[PDB]
Amino acid sequence: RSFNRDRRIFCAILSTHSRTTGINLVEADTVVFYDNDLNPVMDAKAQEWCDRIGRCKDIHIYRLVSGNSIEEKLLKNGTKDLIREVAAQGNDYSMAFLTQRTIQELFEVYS
Amino acid sequence: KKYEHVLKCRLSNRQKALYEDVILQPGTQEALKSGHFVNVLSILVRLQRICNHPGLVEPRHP
């Protein structure tokens, strides 16, 4: 509310693991996603709340990525699907859901 | 209205050094060759935390 009422505070810095995305009004007109979130429930709630802000008025959303790092690979929905696959009965298995090809080819540098 | 932007940022030399150190450690290479979900997850919770800012993995002490 302080950030909404006062037009001088340039940016509100916000954590994806916060809970009160139930607040419908945020006055600022851009969002920067500094990082990806490995946990997909937090990621989904963060995106959904940012799209709610975008519905309230036009915004620019910004996604930063390191060019050569693994973060480009986490951008793909398949990595989230990997975590989703491991989420089912991830206690009694051998923790070998990540196949060797998937691990190596997800990170390996190619021309 | 919604406009999507993805911006590529070049990692610094200190970030490159810590990144190559974590990758080339044998404890990472063995996990890559053999495979284990918790080990790869820990490798990423290291490497991406480096990738955000190397001060979270080794802060500059006074």
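Residues numbered from 1 in each chain as written, not as in the entry; some residues may be left out. Chains lettered and ligands numbered in written order. Part of a larger assembly, values for the part shown. Heavy atoms only, no water.

Judging from the entry metadata, cryo-EM is the method by which this structure was determined, and 3.07 Å is the reported resolution.

The title given for this PDB entry is "Cryo-EM structure of the reconstituted RuvBL lobe of the human TIP60 complex (composite structure)".

*Asks:* So what's going on with helix α1 (residues 13-24) of chain B? Residues and values would help.
*Replies:* Residue and element names in this part refer to chain B. Relative to the 16 Å expected for 12 residues at 1.5 Å per residue, α1 spans 16 Å between its end C-alpha atoms, a close match to the ideal helical length. For α1, every residue scored as buried is listed here: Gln15, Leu18, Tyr19 and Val22. The buried residues of α1 occupy an angular sector of 105° when the element is viewed end-on, so they sit on one face. Of the exposed residues in α1, the ones pointing more than 90 degrees away from its buried face are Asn13 and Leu24. Tucked into the core, α1 has its buried residues touching α2 (26-34) and α3 (37-52). For α1, the capping residue at the N-terminal end is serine 12, with a side-chain oxygen 3.4 Å from the backbone nitrogen of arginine 14. (Helix = DSSP H or I, 4+ residues; strand = E, 2+ residues; numbered from the N terminus. Expected span 1.5 Å × (residues − 1). Buried < 20%, exposed > 50% of the residue type's maximum accessible area, 1.4 Å probe, protein only. Arc of directions from axis to C-beta. Contact = heavy atoms within 4.5 Å. Polar contact = N/O pair within 3.5 Å; in protein donor to acceptor, adjacent residues only side chain to side chain.)

*Asks:* Give me the side chain of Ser69(A): which residues, what numbers.
*Replies:* Structurally, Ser69(A) is set in the loop between β2 (59-66) and α3 (71-74). The exposure class assigned to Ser69(A) is buried, which follows from its relative accessible area of 3%. Within the structure, the side chain of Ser69(A) is placed 3.2 Å from the backbone nitrogen of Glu71(A), a separation counted as a polar contact. Residues within four places of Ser69(A) in sequence aside, it is in contact with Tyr19(B) and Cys51(B).

*Asks:* I'd like to hear about the packing of aromatic side chains, residue by residue, with values.
*Replies:* Residues and elements named next belong to chain A. Counted under the stated rule, the structure contains 1 aromatic pair over all chains. Here the aromatic rings of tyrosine 93 and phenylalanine 97 are separated by 5.2 Å at their centres, their planes lie at 40°, and the arrangement is tilted. Its relative accessible area of 53% is what places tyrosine 93 among the exposed residues. Owing to a relative accessible area of 21%, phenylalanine 97 belongs among the partly exposed residues under this scheme. (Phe/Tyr/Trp six-rings, centres within 6.5 Å; stacked < 30°, edge-to-face > 60°.)

*Asks:* So what's going on with the interface of chain B and chain A? Which residues, and what values?
*Replies:* Listed by partner, the interface residues are 25 residues for chain B and 29 residues for chain A. Between chain B and chain A, the buried area comes to about 2,700 Å², and carbon and sulfur atoms account for 63% of it. On the chain B side of the contact with chain A, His5(B), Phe37(B) and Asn52(B) bury the most area, a combined 22% of that side's loss. Ionic pairing is found between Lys2(B) and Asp51(A), a salt bridge with its closest N-O pair at 3.9 Å. Taken together, chain B and chain A are joined by 12 residue pairs in polar contact. Contributing elements (two or more residues each) for the side of chain B that touches chain A: β1 (2-9), α2 and α3 of chain B. Among the elements that line the side of chain B that touches chain A, the one with the most residues is α3(B), at 9 residues. Across the side of chain B that touches chain A, the residue classes tally to 14 nonpolar, 6 polar and 5 charged. Taken together, the 8 bridges between β2(A) and β1(B) define a ladder with parallel strand orientation. Across the sheet, residue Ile61(A) finds its bridge partner in β1(B), namely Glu4(B). (Buried area = accessible area lost by both parts, 1.4 Å probe. Salt bridge = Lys/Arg side-chain N within 4 Å of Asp/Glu carboxyl O. Nonpolar A, V, L, I, M, F, W, Y, C, P; charged D, E, K, R; others polar. Pairing = 2+ DSSP bridges.)

*Asks:* Report on the state of the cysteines, specifying residues and quantitative values.
*Replies:* Covalently bonding the sulfur atom of one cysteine to the sulfur atom of another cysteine gives a disulfide. Residues and elements named next belong to chain A. What the rule picks out here adds up to 0 disulfides over all chains. In this structure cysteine 11 is a free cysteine whose sulfur lies 14 Å from that of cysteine 50, the closest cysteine sulfur available. For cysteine 11, a relative accessible area of 47% corresponds to the partly exposed category. Counting only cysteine sulfurs, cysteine 50 is the nearest neighbor of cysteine 56, a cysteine outside any disulfide, at a range of 11 Å. (Disulfide = S-S within 2.5 Å.)

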